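Chemist: Before we start, here is the structure in question, set down as structure tokens.
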2 protein chains.
Amino acid sequence: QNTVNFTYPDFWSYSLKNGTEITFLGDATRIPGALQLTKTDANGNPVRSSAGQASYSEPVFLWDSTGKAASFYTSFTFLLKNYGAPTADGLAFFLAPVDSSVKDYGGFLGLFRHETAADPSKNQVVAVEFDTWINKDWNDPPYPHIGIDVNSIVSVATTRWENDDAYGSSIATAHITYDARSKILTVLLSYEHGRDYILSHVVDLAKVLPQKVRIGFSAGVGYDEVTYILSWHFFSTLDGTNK
Amino acid sequence: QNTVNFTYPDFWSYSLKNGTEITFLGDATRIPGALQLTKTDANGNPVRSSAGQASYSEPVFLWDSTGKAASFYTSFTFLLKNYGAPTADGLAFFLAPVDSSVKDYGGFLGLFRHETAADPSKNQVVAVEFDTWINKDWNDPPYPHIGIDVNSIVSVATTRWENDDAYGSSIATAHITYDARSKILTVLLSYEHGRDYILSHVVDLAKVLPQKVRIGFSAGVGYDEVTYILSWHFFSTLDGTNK
Ligand SMILES: CO[C@@H]1O[C@H](CO)[C@@H](O[C@@H]2O[C@@H](C)[C@@H](O)[C@@H](O)[C@@H]2O)[C@H](O[C@@H]2O[C@H](CO)[C@H](O)[C@H](O)[C@H]2O[C@@H]2O[C@@H](C)[C@@H](O)[C@@H](O)[C@@H]2O)[C@H]1NC(C)=O
Ligand SMILES: CO[C@@H]1O[C@H](CO)[C@@H](O[C@@H]2O[C@@H](C)[C@@H](O)[C@@H](O)[C@@H]2O)[C@H](O[C@@H]2O[C@H](CO)[C@H](O)[C@H](O)[C@H]2O[C@@H]2O[C@@H](C)[C@@H](O)[C@@H](O)[C@@H]2O)[C@H]1NC(C)=O
Ligand SMILES: *[C@@H]1O[C@H](CO)[C@@H](O[C@@H]2O[C@H](CO)[C@@H](O)[C@H](O)[C@H]2NC(C)=O)[C@H](O[C@@H]2O[C@@H](C)[C@@H](O)[C@@H](O)[C@@H]2O)[C@H]1NC(C)=O
Ligand SMILES: *[C@@H]1O[C@H](CO)[C@@H](O[C@@H]2O[C@H](CO)[C@@H](O)[C@H](O)[C@H]2NC(C)=O)[C@H](O[C@@H]2O[C@@H](C)[C@@H](O)[C@@H](O)[C@@H]2O)[C@H]1NC(C)=O
Ligand SMILES: [Ca+2]
Ligand SMILES: [Ca+2]
Ligand SMILES: [Mn+2]
Ligand SMILES: [Mn+2]
């Protein structure tokens, strides 16, 4: 088939082999109940300078020459665990080529190589980043932020993420949707007894990514921080693109 | 304050007086556990030709002359109960002037008056409609659909709603978000063991609605159908509009 539909309500079924449903790259590992993105020592304490990725194993169809394009929705809950405030560097949900791998740690979030990070012509990746560190040198806004990245670590759009939520270590729920007809990517982040965060931007995936992509989570540290993905749902539809 | 934040996890607290938290107009009524939008007989059986609205009682700030504009997110679960297939006419989440009231029933969904429904200059309303009836005469697409309505019942954009979901009578969860910086309205509709529906469109609320609006649910019937709203959450933020 050309569309994908999966739901993982939790990850307490930690015994699946690497690469069969989810592929782990770099320092990302499967633990009981979670996809862990960067490295921790014996006590679950975060290591500095680490990067990892957990991605769905199958390729995801996005578009083809015949006009058919996939609209999609993904939701996931995560626990960004902080051991002080501030922490570094964050996490990201991404869509990249099937053949790509984890790249640099720190503020590049395992998605970019330091040398070509601010160069759109040298990257093929769209990511929604949940940034905990202000990298002054790569144009981060002066606060923790949520951002949409298109072929570069310098986000095409961002919205403020409050300190209390960014460094509070509570489980958060994210909803990311893409409408393939109007080329709109929307991010919704919610905290159970807190506030919501909304960020939407026009981006034509067909114009920046290949026809088939790999989807997943990528993180880069940094220090005093580690991200655990607790559940994940992905659904894509070709609705309205003549199919 | 200029922003709104409320959460109703369920409506089993049916004893609040009309107009204090929620205002009921037309045939909409408060019942144990739900906001009922149109009329039913003794047995909960749907009446033909009815319209009703349940709206938040306080005015909601949307924008002002000084550039400040509200981004928002609302979520709600609803049960669109069907007594056969097809049914008519649907429901809608809307934003209208504080002083407006319920209008015609049938395909106008309590939001428009038959005479001026296809005339944008005569209406001030933005609505996300969940349309169960194909009104050939008002340009409905040839299937049940979800649509975004801007000052007219003829939607500026729509996406297919499958027959099985539109007439299946299962509880569905909706997420509607508006980003005031990029002027994007997104609708996400999810069924627990089913599919998701995504529809997003650029619409500048500041350009079509007054500075303060009333928000709520509106329905119009039709026949063999009745909608119950089971929970409702609304959150708005001025984030990124210099405030
Ligand atoms: C003078 O540069 C600073 O040098 C140290 C040692 O090389 C860097 O910090 C170490 O490596 C980081 C990746 C991170 O694991 C950190 O905990 C560790 O001490 C430092 O990098 C910046 O550290 C920040 C946290 O204090 C944060 O993680 C930033 O993302 C990180 O900057 C990124 O990574 C560095 C190595 C460069 O590639 C930068 O272009 C990039 O933004 C160094 N700071 C600077 C400004 O480079
Ligand atoms: C010839 O027109 C048809 O006449 C009947 C009686 O006046 C209309 O049906 C009744 O009223 C409806 C509002 C609804 O309560 C229905 O159950 C009831 O029998 C009929 O209206 C259309 O009925 C459809 C369901 O069979 C559906 O509800 C449509 O939304 C409704 O059309 C709307 O309402 C009518 C009254 C007009 O204002 C239309 O412009 C509008 O789309 C009439 N059909 C038509 C095509 O008008
Ligand atoms: C899970 O399976 C992957 C293969 O599909 C592993 O990645 C591959 O690991 C090789 C080194 O063992 C490396 O040469 C390959 O290029 C790499 N594949 C990609 C796309 O990068 C993966 O290995 C982890 O991630 C790689 C990038 C290295 O950092 C390894 O040290 C890691 O083990 C496997 N993960 C695990 C936990 O087994
Ligand atoms: C809940 O309180 C509302 C007042 O804030 C009622 O609406 C008002 O009802 C008057 C008739 O009793 C009418 O003249 C007013 O114009 C109307 N207000 C608006 C904004 O329309 C509301 O009444 C229901 O809805 C109105 C439109 C009529 O259809 C009434 O018959 C309904 O009772 C009150 N709802 C209930 C259930 O009490
Ligand atoms: Ca950063
Ligand atoms: Ca209709
Ligand atoms: Mn950033
Ligand atoms: Mn319609």
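Numbering starts at 1 and runs along the chain as displayed.
Recorded method for this deposit: X-ray crystallography, 2.0 Å.
Backbone N, Cα and C define each Cβ position, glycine as well.
For reference, Swiss-Prot lists these features for the protein:
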- B:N5: N-linked glycosylation site (CARBOHYD)
- B:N18: N-linked glycosylation site (CARBOHYD)
- B:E129, B:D131, B:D140, B:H145: Mn(2+) binding site (BINDING)
- B:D131, B:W133, B:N135, B:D140: Ca(2+) binding site (BINDING)
Chemist: Given the binding-site residues B:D131, B:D140, which one is most crowded in terms of C-beta atoms within 10 angstroms?
Modeler: B:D131
Chemist: Taking the centroid of the Cβ atoms of B:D131, B:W133, B:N135, B:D140 as the Ca(2+) site, which other residues of that chain lie with their Cβ within 8 Å of it, listed in sequence order?
Modeler: B:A88, B:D89, B:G90, B:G107, B:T132, B:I134, B:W138, B:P144, B:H145
Chemist: Long-range same-chain neighbours of B:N18 (N-linked glycosylation site), Cβ under 8 Å, sequence gap at least 6?
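Modeler: B:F24, B:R30 - these are the non-local Cβ neighbours of B:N18 (N-linked glycosylation site), listed in sequence order.
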Chemist: If you count, for each of the recorded positions B:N5, B:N135, the other Cβ atoms lying within 10 Å of its Cβ, which residue has the minimum?
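Modeler: Selected from the recorded positions B:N5, B:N135 on minimum Cβ neighbours within 10 Å: B:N5.
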Chemist: Among the recorded positions (B:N18, B:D131, B:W133, B:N135, B:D140), which are close to chain A, meaning C-beta separation under 8 angstroms?
Modeler: none
Chemist: Given the recorded Mn(2+) site (B:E129, B:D131, B:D140, B:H145), which additional residues of the same chain have their Cβ within 8 Å of the Cβ centre, ordered by sequence?
Modeler: B:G90, B:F130, B:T132, B:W133, B:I134, B:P141, B:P144, B:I146, B:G147, B:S155, B:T158, B:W161
Chemist: Nearest by CA distance to B:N135 (Ca(2+) binding site): which of the recorded positions is it, out of B:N5, B:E129, B:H145?
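Modeler: Going through B:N5, B:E129, B:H145 one by one, the Cα closest to that of B:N135 (Ca(2+) binding site) is B:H145.
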Chemist: With every protein chain in view, what's the tally of Cβ atoms within 10 Å of the Cβ of B:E129 (Mn(2+) binding site), excluding that atom itself?
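Modeler: The Cβ of B:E129 (Mn(2+) binding site) has 28 Cβ neighbours within 10 Å.
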Chemist: Does anything in the same chain, at least 6 positions from B:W133 (Ca(2+) binding site), have a Cβ under 8 Å from its Cβ, and if so what?
Modeler: B:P86, B:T87, B:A88, B:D89, B:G90, B:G107, B:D140, B:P144, B:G222
Chemist: Once the chains shown are all counted, how many other Cβ atoms turn up within 10 Å of the Cβ of B:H145 (Mn(2+) binding site)?
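Modeler: Its Cβ has 24 other Cβ atoms within 10 Å.
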Chemist: Check B:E129 (Mn(2+) binding site) against DSSP and tell me helix, strand or coil, would you?
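Modeler: DSSP assigns B:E129 (Mn(2+) binding site) to strand.
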Chemist: What is the separation, in Å, between the Cα atoms of B:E129 (Mn(2+) binding site) and B:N5 (N-linked glycosylation site)?
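Modeler: Distance (Cα to Cα, whole Å): 23 Å.
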